[PDB]
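First the structure, in the form of structure tokens, and then the observations on it.
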Amino acid sequence: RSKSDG
Amino acid sequence: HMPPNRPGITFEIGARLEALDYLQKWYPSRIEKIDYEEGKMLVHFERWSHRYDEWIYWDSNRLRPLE
């Protein structure tokens with residue numbers, strides 16, 4: 001689980 | 001400085017509440033650290049890495065009671 005995309 | 005009194009919340013280490021992350025999503029959270037000089041607290045969103053903990057002022061409406 002991460003909170004940014006690219 | 002002393003934290004304010006707000007219903008449903010206790011401003012002490014390890015206390016649980018609901019907190020809004022910077023993506024505007026609510027998570028059950030835990031107070032990790034309190035900076036009584038600035039009046040902000042390190043909030044840990046549960047089941048997220050501690051690298052996503054966020055400092056939130058203790059009078060912020062990003063904090064609300066955990067039912």
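Numbering starts fresh at 1 for the residues of each chain in the structure tokens, the chains themselves are lettered A, B, ... in the order given, and ligands are numbered from 1 as they appear.
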
What lies within 9 Å of residue 61 (chain B) using only C-alpha atoms, ignoring chain neighbours under 4 positions off, as a ChimeraX atom specification? /B:19-20,57

Which neighbours of residue 3 (chain A) fall inside 10 Å, counting only C-alpha atoms, when residues of the same chain fewer than 4 positions from it are skipped, and could you give them as a VMD selection string? chain B and resid 21 to 23 48 52

Could the residues in this selection be written to a file with N, CA and C atoms, as a PDB file, in the first residue's frame?
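Final output, saved to result_26.pdb:
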ATOM      1  N   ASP B  21      -6.125  11.678   6.408  1.00  0.00           N
ATOM      2  CA  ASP B  21      -4.797  11.801   5.817  1.00  0.00           C
ATOM      3  C   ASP B  21      -4.805  12.863   4.718  1.00  0.00           C
ATOM      4  N   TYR B  22      -3.640  13.105   4.122  1.00  0.00           N
ATOM      5  CA  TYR B  22      -3.558  14.194   3.151  1.00  0.00           C
ATOM      6  C   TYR B  22      -4.261  13.883   1.836  1.00  0.00           C
ATOM      7  N   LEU B  23      -4.652  12.628   1.609  1.00  0.00           N
ATOM      8  CA  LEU B  23      -5.542  12.229   0.527  1.00  0.00           C
ATOM      9  C   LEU B  23      -7.018  12.364   0.901  1.00  0.00           C
ATOM     10  N   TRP B  48      -0.933   1.317   8.229  1.00  0.00           N
ATOM     11  CA  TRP B  48      -0.062   1.989   7.281  1.00  0.00           C
ATOM     12  C   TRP B  48       1.336   2.077   7.867  1.00  0.00           C
ATOM     13  N   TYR B  52       4.043   7.062   6.659  1.00  0.00           N
ATOM     14  CA  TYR B  52       2.858   7.851   6.329  1.00  0.00           C
ATOM     15  C   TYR B  52       2.241   8.572   7.525  1.00  0.00           C
TER      16      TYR B  52
END

What's the 6 Å shell around region 3-18 of chain B, counting only C-alpha atoms, without same-chain residues fewer than 6 positions away, as JSON, numbers by chain? {"B": [27, 28, 29, 30, 31, 32, 63, 64, 65, 66]}

For the selection just defined, write its residues with C-alpha atoms to a file, as a PDB file, in the first residue's frame.
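That gives us part_20.pdb:
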ATOM      1  CA  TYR B  27      -8.510   6.091   9.147  1.00  0.00           C
ATOM      2  CA  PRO B  28      -8.596   4.824  12.711  1.00  0.00           C
ATOM      3  CA  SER B  29      -5.413   6.323  14.076  1.00  0.00           C
ATOM      4  CA  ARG B  30      -3.216   6.609  17.148  1.00  0.00           C
ATOM      5  CA  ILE B  31      -1.436   9.583  18.719  1.00  0.00           C
ATOM      6  CA  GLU B  32       2.308   8.837  18.533  1.00  0.00           C
ATOM      7  CA  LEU B  63      -9.276  14.697  13.884  1.00  0.00           C
ATOM      8  CA  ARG B  64     -12.582  13.261  15.066  1.00  0.00           C
ATOM      9  CA  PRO B  65     -13.814  10.688  17.592  1.00  0.00           C
ATOM     10  CA  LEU B  66     -13.335   6.991  16.906  1.00  0.00           C
TER      11      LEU B  66
END

Would you list which chain A residues are within 12 Å of chain B using only C-alpha atoms, as a ChimeraX atom specification? /A:1-4

The residue from B:59, B:67, B:1, B:26 with the smallest atom-to-atom distance to residue 46 (chain B), counting only C-alpha atoms, is B:26
